[PDB]
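Asker: Below you will find the structure I want to go over with you.
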Amino acid sequence: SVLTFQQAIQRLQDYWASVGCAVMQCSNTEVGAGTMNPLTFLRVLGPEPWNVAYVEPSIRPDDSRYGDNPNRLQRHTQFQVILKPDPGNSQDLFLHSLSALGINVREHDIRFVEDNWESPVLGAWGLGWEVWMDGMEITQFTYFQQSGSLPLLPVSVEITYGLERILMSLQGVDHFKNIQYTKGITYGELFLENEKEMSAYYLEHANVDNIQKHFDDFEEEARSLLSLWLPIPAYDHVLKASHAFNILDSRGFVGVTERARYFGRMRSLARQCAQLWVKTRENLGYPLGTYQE
Amino acid sequence: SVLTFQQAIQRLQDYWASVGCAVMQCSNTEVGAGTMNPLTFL
Amino acid sequence: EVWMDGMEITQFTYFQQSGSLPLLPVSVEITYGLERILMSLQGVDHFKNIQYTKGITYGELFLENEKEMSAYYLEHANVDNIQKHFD
Amino acid sequence: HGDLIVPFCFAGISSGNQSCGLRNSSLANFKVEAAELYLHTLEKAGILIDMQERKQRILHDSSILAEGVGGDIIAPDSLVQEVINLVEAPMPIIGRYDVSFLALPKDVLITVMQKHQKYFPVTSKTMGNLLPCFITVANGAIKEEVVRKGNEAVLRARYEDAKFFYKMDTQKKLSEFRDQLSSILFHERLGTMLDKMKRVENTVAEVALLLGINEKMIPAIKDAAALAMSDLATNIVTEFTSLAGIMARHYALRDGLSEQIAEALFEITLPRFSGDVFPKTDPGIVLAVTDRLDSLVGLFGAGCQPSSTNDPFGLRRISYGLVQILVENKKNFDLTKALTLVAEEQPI
């Protein structure tokens with residue numbers, strides 16, 4: 001038969017639940033990507049084991065095209081897998097999962113093409129590849145090297161599945177609405193309500209009076225909370241502070257000189273917030289464990 | 001054996017997926033209860 | 001509400017009205033309170049003693065979003081911004 | 001070494017006598033009994049270990065596959081050198097796409113094929129334009145039909161976006177694009193590109209007189225700068241960075257202007273990289289040298305001299321282009337007299 005969208009999740013979760021990962025729920029606040037989740041940015045720091053796989057929507061207003069272009073959307077669903085420490089089978093478990101998903105490996109050109117990921121917004125980088133399957137870029141593979149400003153110890157492995165295009169290339173459809181969510185219903189008839197109205201809001205109806213006064217308010221609140229040794233809400237406010245900057249960029253009311261100021265402020269806040277989680281966790285004695293050699 | 005929390009979800013989803021329900025993701029904004037979700041009220 | 005040996009674990013409800021419109025046709029809502037089902041089934045007495053998976057527990061990874069949140073909601077929630085965000 | 005193993009451990013790995021071949025293949029991991037019988041074993045597992053041997057099996061089959069449709073492949077060195085080191089056991093496969101994508105410019109299809117998916121374009125021996133074929137390189141032992149059927153669906157998905165962008169970008173003539181380029185900043189102290197273009201079109205007259213070019217050609221130059229470097233705000237160049245400079249020429253030619261100005265518009269960026277061609281028309285030299293001088297003076301006005309390692313703006317590349325243009329064209333010049341004139345129109 002032909003794979004459907006609502007069971008690819010059921011095959012990508014019950015597999016990683018057998019290796020040893022602990023599956024959890026998605027994010028809470030609107031995350032601009034798949035990495036800024038507090039379950040990945042704050043938890044890779046410090047010597048404790050961490051094996052988590054989950055699924056999250058990602059909203060990016062800058063890539064809003066009224067929901068007509070079959071490649072770019074304002075809400076795409078990603079799958080994230082974080083492994084620490086790397087057990088040595090890093091790129092063999094991925095191929096086993098790919099085989100278990102429903103596609104064969106012996107009859108598809110699965111190759112790795114080098115690609116270095118780096119994001120100055122939160123201060124992170126690493127080395128890795130993107131996985132080409134017959135010319136489609138479907139997966140990002142990355143060994144981390146640095147988060148915020150601390151050096152990682154031990155280094156972690158991140159596997160990011162872009163799940164909206166895997167089925168778009170596997171089923172054989174040409175548009176994106178033609179993806180079938182389940183046997184009987186389709187993806188393009190129930191996930192365009194949160195597409196068309198959101199694109200219209202992000203394009204020409206987003207009132208900019210409130211965004212430019214919520215941004216600084218959130219920054220100040222985050223700083224004040226961080227000064228009181230409260231890490232989790234302090235970082236939570238950073239996400240809704242960084243969403244306002246993206247929505248401002250979408251409308252087009254940010255000049256070419258304020259971009260540096262905004263990036264500097266956000267990265268300084270992220271840097272001074274990251275080095276507080278490590279200091280907070282060390283006083284608890286590292287209940288999860290400790291890594292040696 | 002004794003049931004665990006992370007597989008009760010796996011048993012409560014694969015069951016209702018066979019009756020005919022369409023399982024979806026959780027809310028986005030902090031919901032004060034389980035009904036005010038836009039997937040049920042609207 | 002469904003009683004299982006004295007525990008209230010599920011809410012069952014036929015709707016009749018939402019907002020101000022009358023429902024047509026009426027709908028059925030089944031709400032599982034999933035945190036107490038296992039707390040009553042496994043045999044634990046506290047809530048942290050719930051086990052999330054074979055190897056890890058619920059009370060060692062879902063209290064970070066509990067203790068910090070309770071402190072914020074009790075005596076550190078700055079009320080200057082809430083009463084001007086509401087309107 | 002010979003028959004015995006050399007015991008030494010590096011990075012927590014002990015050296016032994018096992019080696020792994022193609023993944024998921026029958027020879028997942030094999031044992032080499034003697035170091036003499038090593039290169040023979042790998043070619044038994046299908047791996048073409050030699051670096052230069054793979055070239056003579058890629059280019060010997062890519063040409064053979066071409067004659068089926070009566071054509072030839074295009075093999076830039078910088079493309080084959082990277083295609084070789086991405087495959088363990090090469091296998092070429094041809095594929096087709098619809099002819100309706102031939103209305104696009106010739107330099108867009110080639111860029112899409114060679115800069116993103118790393119394919120091989122096919123050009124006919126007779127009437128040497130593009131053909132509806134391409135050649136890709138698989139890796140290992142894969143089903144032939146599936147790879148082509150899944151690869152043409154990507155190649156005909158990129159071109160839909162390209163054609164939509166082109167159609168939306170040719171709705172208005174090039175004149176209107178000169179106004180909306182202000183969204184591209186040049187320097188935080190100098191400004192955007194509109195000011196740079198206005199300065200260039202103001203100071204082009206003096207430079208056209210220092211080089212000794214005849215007065216009779218002075219009008220056309222004054223018009224070329226009216227549309228100089230306007231492609232940078234177009235849609236087809238927003239994501240295809242390598243196409244900046246030639247798409248302006250294509251738009252100007254379509255607009256219905258003389259051929260003495262399209263070449264000047266195109267040759268405002270030459271040279272683009274080391275080894276590229278140099279300007280060869282008189283009106284283009286003036287624009288090139290004026291742009292180089294203005295870009296040097298403006299960036300030296302804020303004090304941004306690069307060191308030996310970092311290249312904030314690659315001023316050395318600009319200077320090397322300027323001297324190459326001046327020398328390889330046999331034109332008299334006066335540097336210390338033109339620099340003062342160029343610096344006169346600077347805002348500060």
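By order of appearance in the structure tokens: chains A, B, ..., then residues from 1 within every chain, and ligands from 1 in the order shown.
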Check every residue of chain B for an atom within 6 Å of chain C, counting only C-alpha atoms, and provide those that qualify as a PyMOL selection string.
Answerer: chain B and resi 4-6
Asker: With N, CA, C and O atoms retained, could you export that selection as a short mmCIF file (atom, residue, chain, number, x, y, z; two decimals), in the first residue's frame?
Answerer:
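Once everything was written out, this is out24.cif:
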data_model
loop_
_atom_site.label_atom_id
_atom_site.label_comp_id
_atom_site.auth_asym_id
_atom_site.auth_seq_id
_atom_site.Cartn_x
_atom_site.Cartn_y
_atom_site.Cartn_z
N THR B 4 3.01 1.46 31.77
CA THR B 4 3.78 2.69 31.92
C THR B 4 3.08 3.84 31.20
O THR B 4 2.19 3.65 30.37
N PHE B 5 3.50 5.06 31.53
CA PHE B 5 2.80 6.25 31.05
C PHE B 5 3.00 6.48 29.56
O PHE B 5 2.07 6.93 28.88
N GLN B 6 4.18 6.19 29.03
CA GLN B 6 4.48 6.51 27.64
C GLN B 6 3.92 5.49 26.66
O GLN B 6 3.99 5.72 25.45
#
Asker: Counting only C-alpha atoms, what is within 7 Å of stretch 219-229 of chain A, bar same-chain residues fewer than 3 positions away, as a PyMOL selection string?
Answerer: chain A and resi 215-216+234+237-238+241+273
Asker: Would you save the residues from that selection as a PDB file, in the first residue's frame, using C-alpha atoms?
Answerer:
ATOM      1  CA  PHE A 215       9.766  43.135  21.997  1.00  0.00           C
ATOM      2  CA  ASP A 216      11.552  45.384  24.495  1.00  0.00           C
ATOM      3  CA  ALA A 234      13.655  33.343  31.555  1.00  0.00           C
ATOM      4  CA  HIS A 237      10.302  34.499  27.390  1.00  0.00           C
ATOM      5  CA  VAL A 238      13.210  34.568  24.921  1.00  0.00           C
ATOM      6  CA  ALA A 241      10.738  37.734  22.215  1.00  0.00           C
ATOM      7  CA  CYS A 273      20.772  32.809  29.880  1.00  0.00           C
TER       8      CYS A 273
END
Asker: Determine which residues of stretch 121-260 of chain A DSSP labels as strand (DSSP E) from the backbone of this structure, then write them out as a ChimeraX atom specification.
Answerer: /A:124-133,136-147,150-151,157-162
Asker: Print the selection's residues with N, CA and C atoms to a file, as a short mmCIF file (atom, residue, chain, number, x, y, z; two decimals), in the first residue's frame.
Answerer:
data_model
loop_
_atom_site.label_atom_id
_atom_site.label_comp_id
_atom_site.auth_asym_id
_atom_site.auth_seq_id
_atom_site.Cartn_x
_atom_site.Cartn_y
_atom_site.Cartn_z
N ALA A 124 25.64 28.60 18.03
CA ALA A 124 25.84 27.16 17.95
C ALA A 124 26.41 26.81 16.59
N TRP A 125 27.16 25.71 16.54
CA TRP A 125 27.69 25.22 15.27
C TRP A 125 28.07 23.75 15.43
N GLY A 126 28.45 23.15 14.31
CA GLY A 126 28.80 21.74 14.31
C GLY A 126 29.17 21.30 12.92
N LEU A 127 29.36 19.99 12.78
CA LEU A 127 29.72 19.40 11.50
C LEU A 127 28.74 18.28 11.17
N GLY A 128 28.33 18.21 9.91
CA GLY A 128 27.36 17.19 9.55
C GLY A 128 27.10 17.18 8.06
N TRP A 129 26.03 16.48 7.70
CA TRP A 129 25.64 16.29 6.31
C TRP A 129 24.14 16.48 6.17
N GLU A 130 23.70 16.51 4.92
CA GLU A 130 22.30 16.37 4.57
C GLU A 130 22.15 15.12 3.72
N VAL A 131 21.04 14.41 3.92
CA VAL A 131 20.84 13.12 3.28
C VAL A 131 20.05 13.32 2.00
N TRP A 132 20.65 12.97 0.87
CA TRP A 132 20.00 13.02 -0.43
C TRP A 132 19.42 11.66 -0.76
N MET A 133 18.14 11.64 -1.12
CA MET A 133 17.44 10.45 -1.57
C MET A 133 16.86 10.76 -2.95
N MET A 136 16.34 14.50 -3.45
CA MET A 136 15.57 15.21 -2.44
C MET A 136 16.37 15.31 -1.14
N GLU A 137 16.39 16.50 -0.56
CA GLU A 137 16.99 16.72 0.75
C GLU A 137 15.91 16.47 1.80
N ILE A 138 16.04 15.38 2.55
CA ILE A 138 14.99 14.96 3.47
C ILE A 138 15.43 14.94 4.92
N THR A 139 16.72 15.00 5.22
CA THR A 139 17.16 14.82 6.59
C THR A 139 18.45 15.59 6.82
N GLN A 140 18.57 16.18 8.01
CA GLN A 140 19.79 16.87 8.43
C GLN A 140 20.44 16.06 9.54
N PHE A 141 21.74 15.80 9.41
CA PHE A 141 22.50 15.04 10.39
C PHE A 141 23.64 15.92 10.89
N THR A 142 23.77 16.08 12.21
CA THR A 142 24.75 17.03 12.71
C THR A 142 25.33 16.60 14.04
N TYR A 143 26.66 16.53 14.10
CA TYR A 143 27.39 16.48 15.37
C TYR A 143 27.55 17.91 15.87
N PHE A 144 27.03 18.19 17.06
CA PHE A 144 27.18 19.51 17.65
C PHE A 144 28.62 19.74 18.09
N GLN A 145 28.98 21.01 18.26
CA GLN A 145 30.28 21.36 18.83
C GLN A 145 30.22 22.44 19.89
N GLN A 146 29.17 23.26 19.92
CA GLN A 146 29.11 24.40 20.82
C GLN A 146 27.68 24.91 20.86
N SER A 147 27.20 25.20 22.06
CA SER A 147 25.86 25.74 22.26
C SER A 147 25.96 26.97 23.15
N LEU A 150 29.30 27.84 25.79
CA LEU A 150 30.04 26.74 26.39
C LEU A 150 30.42 25.72 25.31
N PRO A 151 31.56 25.06 25.46
CA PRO A 151 31.88 23.93 24.59
C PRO A 151 31.19 22.66 25.07
N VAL A 157 24.50 14.25 18.96
CA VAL A 157 24.10 13.97 17.58
C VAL A 157 22.65 14.38 17.42
N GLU A 158 22.37 15.20 16.41
CA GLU A 158 21.02 15.64 16.09
C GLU A 158 20.62 15.14 14.72
N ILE A 159 19.46 14.49 14.65
CA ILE A 159 18.87 14.00 13.41
C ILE A 159 17.54 14.70 13.25
N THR A 160 17.40 15.47 12.17
CA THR A 160 16.19 16.24 11.91
C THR A 160 15.53 15.69 10.65
N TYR A 161 14.32 15.15 10.81
CA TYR A 161 13.50 14.70 9.70
C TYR A 161 12.59 15.83 9.26
N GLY A 162 12.69 16.22 7.99
CA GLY A 162 11.70 17.10 7.42
C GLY A 162 10.55 16.26 6.89
#
Asker: Please report as CSV every residue of chain A lying within 12 Å of chain B, along with the nearest atom pair and their distance in Å (one decimal), using only C-alpha atoms.
Answerer:
residue,atom,partner,partner_atom,distance
A:4,CA,B:22,CA,11.9
A:5,CA,B:23,CA,10.8
A:6,CA,B:23,CA,7.4
A:7,CA,B:17,CA,9.5
A:9,CA,B:24,CA,10.6
A:10,CA,B:14,CA,8.5
A:11,CA,B:10,CA,11.4
A:13,CA,B:10,CA,9.4
A:14,CA,B:10,CA,8.6
A:17,CA,B:6,CA,9.4
A:18,CA,B:7,CA,11.7
A:21,CA,B:6,CA,11.2
A:22,CA,B:6,CA,8.2
A:23,CA,B:6,CA,7.5
A:24,CA,B:6,CA,8.3
A:25,CA,B:26,CA,8.1
A:26,CA,B:26,CA,7.6
A:27,CA,B:28,CA,7.8
A:28,CA,B:28,CA,5.6
A:29,CA,B:28,CA,6.4
A:30,CA,B:28,CA,7.1
A:31,CA,B:28,CA,10.0
A:54,CA,B:25,CA,11.5
A:55,CA,B:25,CA,9.0
A:56,CA,B:25,CA,8.6
A:57,CA,B:25,CA,8.8
A:58,CA,B:28,CA,10.9
A:59,CA,B:28,CA,11.0
A:77,CA,B:25,CA,10.2
A:180,CA,B:22,CA,11.9
A:181,CA,B:22,CA,8.6
A:182,CA,B:22,CA,7.4
A:183,CA,B:20,CA,9.3
A:184,CA,B:20,CA,9.2
A:185,CA,B:22,CA,8.6
A:186,CA,B:22,CA,10.7
A:187,CA,B:22,CA,11.4
A:190,CA,B:39,CA,10.8
A:191,CA,B:24,CA,10.9
A:193,CA,B:38,CA,11.5
A:194,CA,B:38,CA,10.8
A:240,CA,B:29,CA,11.3
Asker: Output as a PyMOL selection string the set of chain A residues within 9 Å of chain C, with distances taken over only C-alpha atoms.
Answerer: chain A and resi 22+217+230-233+287-288
Asker: Please report, as a list in words, each residue of chain C to which DSSP assigns helix (DSSP H, G or I) when run on this structure's backbone.
Answerer: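 Output for chain C, helix (DSSP H, G or I) only: residues 34, 35, 36, 37, 38, 39, 40, 41, 64, 65, 66, 67, 68, 69, 70, 71, 72, 73, 74, 75, 76, 79, 80, 81, 82, 83, 84 and 85 of chain C.
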Asker: Would you mind exporting C-alpha atoms of the selected residues as a PDB file, in the first residue's frame?
Answerer:
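Output file part.pdb follows:
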ATOM      1  CA  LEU C  34      -4.607  10.453  32.221  1.00  0.00           C
ATOM      2  CA  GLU C  35      -2.462  11.457  35.201  1.00  0.00           C
ATOM      3  CA  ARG C  36      -4.627   9.642  37.767  1.00  0.00           C
ATOM      4  CA  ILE C  37      -5.454   6.501  35.766  1.00  0.00           C
ATOM      5  CA  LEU C  38      -1.907   5.191  36.117  1.00  0.00           C
ATOM      6  CA  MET C  39      -1.567   6.627  39.629  1.00  0.00           C
ATOM      7  CA  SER C  40      -4.481   4.372  40.611  1.00  0.00           C
ATOM      8  CA  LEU C  41      -3.526   1.415  38.403  1.00  0.00           C
ATOM      9  CA  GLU C  64      11.281  21.442  36.576  1.00  0.00           C
ATOM     10  CA  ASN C  65       8.194  22.820  34.828  1.00  0.00           C
ATOM     11  CA  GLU C  66       6.343  22.473  38.155  1.00  0.00           C
ATOM     12  CA  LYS C  67       8.378  24.085  40.981  1.00  0.00           C
ATOM     13  CA  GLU C  68       9.621  27.042  38.854  1.00  0.00           C
ATOM     14  CA  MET C  69       6.083  27.616  37.463  1.00  0.00           C
ATOM     15  CA  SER C  70       4.443  27.454  40.921  1.00  0.00           C
ATOM     16  CA  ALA C  71       6.879  30.022  42.316  1.00  0.00           C
ATOM     17  CA  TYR C  72       6.206  32.322  39.356  1.00  0.00           C
ATOM     18  CA  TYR C  73       2.429  31.915  39.663  1.00  0.00           C
ATOM     19  CA  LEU C  74       2.445  32.482  43.438  1.00  0.00           C
ATOM     20  CA  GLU C  75       4.631  35.445  44.394  1.00  0.00           C
ATOM     21  CA  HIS C  76       6.803  36.623  41.468  1.00  0.00           C
ATOM     22  CA  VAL C  79       1.180  42.316  37.807  1.00  0.00           C
ATOM     23  CA  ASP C  80       2.168  45.571  36.094  1.00  0.00           C
ATOM     24  CA  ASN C  81       2.256  43.933  32.655  1.00  0.00           C
ATOM     25  CA  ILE C  82      -0.700  41.547  32.971  1.00  0.00           C
ATOM     26  CA  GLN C  83      -3.352  44.217  33.559  1.00  0.00           C
ATOM     27  CA  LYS C  84      -2.109  46.107  30.484  1.00  0.00           C
ATOM     28  CA  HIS C  85      -1.746  43.021  28.291  1.00  0.00           C
TER      29      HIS C  85
END
Asker: Show me, as JSON lines, the residues of chain D having an atom within 10 Å of chain A, each with the closest atom pair and its distance in Å, using only C-alpha atoms.
Answerer:
{"residue": "D:23", "atom": "CA", "partner": "A:106", "partner_atom": "CA", "distance": 9.4}
{"residue": "D:24", "atom": "CA", "partner": "A:106", "partner_atom": "CA", "distance": 7.1}
{"residue": "D:25", "atom": "CA", "partner": "A:106", "partner_atom": "CA", "distance": 8.3}
{"residue": "D:86", "atom": "CA", "partner": "A:113", "partner_atom": "CA", "distance": 7.9}
{"residue": "D:87", "atom": "CA", "partner": "A:111", "partner_atom": "CA", "distance": 8.8}
{"residue": "D:116", "atom": "CA", "partner": "A:135", "partner_atom": "CA", "distance": 9.4}
{"residue": "D:117", "atom": "CA", "partner": "A:135", "partner_atom": "CA", "distance": 6.6}
{"residue": "D:118", "atom": "CA", "partner": "A:135", "partner_atom": "CA", "distance": 9.5}
{"residue": "D:136", "atom": "CA", "partner": "A:135", "partner_atom": "CA", "distance": 9.8}
{"residue": "D:137", "atom": "CA", "partner": "A:109", "partner_atom": "CA", "distance": 9.7}
{"residue": "D:138", "atom": "CA", "partner": "A:109", "partner_atom": "CA", "distance": 6.4}
{"residue": "D:139", "atom": "CA", "partner": "A:109", "partner_atom": "CA", "distance": 6.5}
{"residue": "D:140", "atom": "CA", "partner": "A:109", "partner_atom": "CA", "distance": 8.1}
{"residue": "D:141", "atom": "CA", "partner": "A:106", "partner_atom": "CA", "distance": 7.7}
{"residue": "D:142", "atom": "CA", "partner": "A:107", "partner_atom": "CA", "distance": 4.9}
{"residue": "D:143", "atom": "CA", "partner": "A:107", "partner_atom": "CA", "distance": 5.0}
{"residue": "D:144", "atom": "CA", "partner": "A:107", "partner_atom": "CA", "distance": 8.4}
{"residue": "D:145", "atom": "CA", "partner": "A:107", "partner_atom": "CA", "distance": 9.5}
{"residue": "D:146", "atom": "CA", "partner": "A:108", "partner_atom": "CA", "distance": 7.3}
{"residue": "D:147", "atom": "CA", "partner": "A:134", "partner_atom": "CA", "distance": 5.9}
{"residue": "D:148", "atom": "CA", "partner": "A:134", "partner_atom": "CA", "distance": 8.1}
{"residue": "D:149", "atom": "CA", "partner": "A:134", "partner_atom": "CA", "distance": 9.0}
{"residue": "D:150", "atom": "CA", "partner": "A:134", "partner_atom": "CA", "distance": 6.0}
{"residue": "D:151", "atom": "CA", "partner": "A:134", "partner_atom": "CA", "distance": 5.4}
{"residue": "D:152", "atom": "CA", "partner": "A:135", "partner_atom": "CA", "distance": 9.1}
{"residue": "D:153", "atom": "CA", "partner": "A:174", "partner_atom": "CA", "distance": 8.2}
{"residue": "D:154", "atom": "CA", "partner": "A:135", "partner_atom": "CA", "distance": 6.8}
{"residue": "D:155", "atom": "CA", "partner": "A:135", "partner_atom": "CA", "distance": 8.6}
{"residue": "D:156", "atom": "CA", "partner": "A:174", "partner_atom": "CA", "distance": 10.0}
{"residue": "D:157", "atom": "CA", "partner": "A:174", "partner_atom": "CA", "distance": 8.1}
{"residue": "D:158", "atom": "CA", "partner": "A:71", "partner_atom": "CA", "distance": 9.7}
{"residue": "D:160", "atom": "CA", "partner": "A:70", "partner_atom": "CA", "distance": 9.9}
{"residue": "D:161", "atom": "CA", "partner": "A:69", "partner_atom": "CA", "distance": 8.3}
{"residue": "D:164", "atom": "CA", "partner": "A:69", "partner_atom": "CA", "distance": 9.9}
{"residue": "D:182", "atom": "CA", "partner": "A:256", "partner_atom": "CA", "distance": 9.9}
{"residue": "D:183", "atom": "CA", "partner": "A:256", "partner_atom": "CA", "distance": 7.7}
{"residue": "D:184", "atom": "CA", "partner": "A:256", "partner_atom": "CA", "distance": 8.0}
{"residue": "D:185", "atom": "CA", "partner": "A:256", "partner_atom": "CA", "distance": 6.7}
{"residue": "D:186", "atom": "CA", "partner": "A:256", "partner_atom": "CA", "distance": 9.9}
{"residue": "D:187", "atom": "CA", "partner": "A:257", "partner_atom": "CA", "distance": 9.7}
{"residue": "D:188", "atom": "CA", "partner": "A:257", "partner_atom": "CA", "distance": 6.8}
{"residue": "D:189", "atom": "CA", "partner": "A:257", "partner_atom": "CA", "distance": 9.9}
{"residue": "D:191", "atom": "CA", "partner": "A:256", "partner_atom": "CA", "distance": 9.6}
{"residue": "D:192", "atom": "CA", "partner": "A:256", "partner_atom": "CA", "distance": 9.3}
Asker: Keeping only N, CA and C atoms, take the residues you just selected and write them out as a compact mmCIF listing (two decimals), in the first residue's frame.
Answerer:
# COMPACT_ATOMS: atom_id res chain seq x y z
N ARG D 23 27.82 -0.46 1.93
CA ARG D 23 26.83 -0.69 2.97
C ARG D 23 25.64 -1.46 2.41
N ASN D 24 25.07 -2.33 3.25
CA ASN D 24 23.91 -3.15 2.92
C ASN D 24 24.22 -4.18 1.84
N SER D 25 25.47 -4.21 1.36
CA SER D 25 25.86 -5.19 0.37
C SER D 25 26.19 -6.52 1.04
N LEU D 86 32.46 12.00 -4.66
CA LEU D 86 31.21 11.77 -3.96
C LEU D 86 30.66 10.37 -4.18
N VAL D 87 31.31 9.56 -5.00
CA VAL D 87 30.79 8.25 -5.38
C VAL D 87 31.86 7.20 -5.14
N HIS D 116 23.14 23.02 -7.99
CA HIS D 116 22.30 22.50 -6.92
C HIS D 116 22.23 20.99 -6.90
N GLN D 117 21.98 20.36 -8.05
CA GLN D 117 21.83 18.91 -8.12
C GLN D 117 23.04 18.22 -8.72
N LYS D 118 23.95 18.96 -9.36
CA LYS D 118 25.19 18.42 -9.92
C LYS D 118 24.91 17.33 -10.95
N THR D 136 22.86 11.89 -14.65
CA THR D 136 23.15 11.86 -13.23
C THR D 136 23.99 10.63 -12.91
N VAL D 137 24.62 10.65 -11.74
CA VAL D 137 25.52 9.58 -11.31
C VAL D 137 24.98 8.99 -10.01
N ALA D 138 24.62 7.71 -10.05
CA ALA D 138 24.16 7.00 -8.87
C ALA D 138 25.38 6.56 -8.06
N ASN D 139 25.16 5.68 -7.08
CA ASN D 139 26.25 5.24 -6.21
C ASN D 139 25.97 3.80 -5.77
N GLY D 140 26.62 2.85 -6.43
CA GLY D 140 26.50 1.46 -6.03
C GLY D 140 25.74 0.59 -7.02
N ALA D 141 24.82 -0.22 -6.50
CA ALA D 141 23.99 -1.10 -7.33
C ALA D 141 22.53 -0.83 -6.97
N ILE D 142 21.87 0.00 -7.76
CA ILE D 142 20.53 0.48 -7.46
C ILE D 142 19.62 0.17 -8.64
N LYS D 143 18.32 0.06 -8.35
CA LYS D 143 17.33 -0.14 -9.40
C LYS D 143 17.35 1.03 -10.36
N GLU D 144 17.33 0.73 -11.66
CA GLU D 144 17.50 1.77 -12.67
C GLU D 144 16.25 2.64 -12.81
N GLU D 145 15.07 2.02 -12.83
CA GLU D 145 13.85 2.77 -13.11
C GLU D 145 13.50 3.73 -11.98
N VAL D 146 13.66 3.29 -10.73
CA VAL D 146 13.20 4.07 -9.59
C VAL D 146 13.98 5.37 -9.47
N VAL D 147 15.30 5.31 -9.66
CA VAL D 147 16.12 6.51 -9.50
C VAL D 147 15.73 7.57 -10.52
N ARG D 148 15.57 7.17 -11.79
CA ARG D 148 15.17 8.14 -12.80
C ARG D 148 13.77 8.68 -12.53
N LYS D 149 12.83 7.80 -12.17
CA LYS D 149 11.46 8.24 -11.96
C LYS D 149 11.34 9.16 -10.75
N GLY D 150 12.25 9.02 -9.78
CA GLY D 150 12.25 9.90 -8.63
C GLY D 150 13.13 11.12 -8.75
N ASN D 151 14.01 11.12 -9.76
CA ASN D 151 14.96 12.26 -9.99
C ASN D 151 14.40 13.27 -11.00
N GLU D 152 13.66 12.80 -12.02
CA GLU D 152 13.05 13.73 -12.95
C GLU D 152 11.93 14.52 -12.28
N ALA D 153 11.29 13.94 -11.26
CA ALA D 153 10.24 14.66 -10.54
C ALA D 153 10.78 15.80 -9.70
N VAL D 154 12.07 15.78 -9.38
CA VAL D 154 12.71 16.91 -8.72
C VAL D 154 13.22 17.92 -9.74
N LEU D 155 13.76 17.42 -10.85
CA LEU D 155 14.27 18.34 -11.87
C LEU D 155 13.14 19.13 -12.52
N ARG D 156 11.96 18.54 -12.66
CA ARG D 156 10.81 19.27 -13.18
C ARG D 156 10.02 19.97 -12.08
N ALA D 157 10.48 19.90 -10.84
CA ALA D 157 9.92 20.70 -9.76
C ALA D 157 10.72 21.97 -9.50
N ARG D 158 12.03 21.94 -9.73
CA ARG D 158 12.82 23.17 -9.65
C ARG D 158 12.45 24.14 -10.76
N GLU D 160 9.66 24.61 -12.34
CA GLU D 160 8.40 25.32 -12.16
C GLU D 160 8.61 26.60 -11.36
N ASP D 161 9.37 26.51 -10.27
CA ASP D 161 9.71 27.70 -9.50
C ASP D 161 10.51 28.69 -10.34
N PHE D 164 8.16 30.38 -12.87
CA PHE D 164 7.27 31.32 -12.20
C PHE D 164 8.00 32.61 -11.85
N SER D 182 16.80 49.92 -3.02
CA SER D 182 17.24 50.50 -1.76
C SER D 182 17.24 49.50 -0.62
N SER D 183 16.62 48.34 -0.79
CA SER D 183 16.61 47.30 0.24
C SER D 183 17.94 46.57 0.34
N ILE D 184 18.92 46.91 -0.49
CA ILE D 184 20.24 46.28 -0.48
C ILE D 184 21.23 47.32 0.01
N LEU D 185 21.84 47.06 1.16
CA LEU D 185 22.78 48.01 1.75
C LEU D 185 24.18 47.76 1.23
N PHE D 186 24.93 48.84 1.03
CA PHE D 186 26.33 48.74 0.64
C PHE D 186 27.25 48.82 1.85
N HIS D 187 27.16 49.91 2.61
CA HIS D 187 27.93 50.06 3.83
C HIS D 187 27.11 50.87 4.82
N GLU D 188 27.30 50.57 6.11
CA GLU D 188 26.52 51.23 7.15
C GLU D 188 26.79 52.72 7.20
N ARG D 189 27.98 53.15 6.78
CA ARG D 189 28.32 54.57 6.75
C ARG D 189 28.08 55.21 5.39
N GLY D 191 25.83 53.79 2.71
CA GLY D 191 24.42 53.68 2.36
C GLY D 191 24.08 52.49 1.49
N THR D 192 23.07 52.65 0.65
CA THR D 192 22.57 51.57 -0.20
C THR D 192 23.24 51.64 -1.57
Asker: Taking only C-alpha atoms into account, which of A:39, A:290, A:171, A:122 comes nearest residue C:62?
Answerer: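 Looking at the shortest contact to residue C:62, the residue is A:39.
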Asker: Just to confirm, what's the straight-line distance from atom CA of residue D:324 to atom CA of residue D:278 in Å (one decimal)?
Answerer: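 Separating atom CA of residue D:324 from atom CA of residue D:278 is a distance of 8.1 Å.
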Asker: Please measure the separation of atom CA of residue A:83 and atom CA of residue A:36, giving the value in Å to one decimal.
Answerer: 16.2 Å
Asker: So the first atom is atom CA of residue A:62 and the second is atom CA of residue A:250; what is the distance between them in Å, to one decimal place?
Answerer: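 Calculated distance between atom CA of residue A:62 and atom CA of residue A:250 is 4.9 Å.
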Asker: Tell me which protein, DNA and RNA residues are within 9 Å of residue C:13, counting only C-alpha atoms, leaving out same-chain ones fewer than 2 positions away, and put them as a list in words.
Answerer: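 What passes the distance filter is residues 1, 11, 15, 27, 28, 29, 30 and 31 of chain C.
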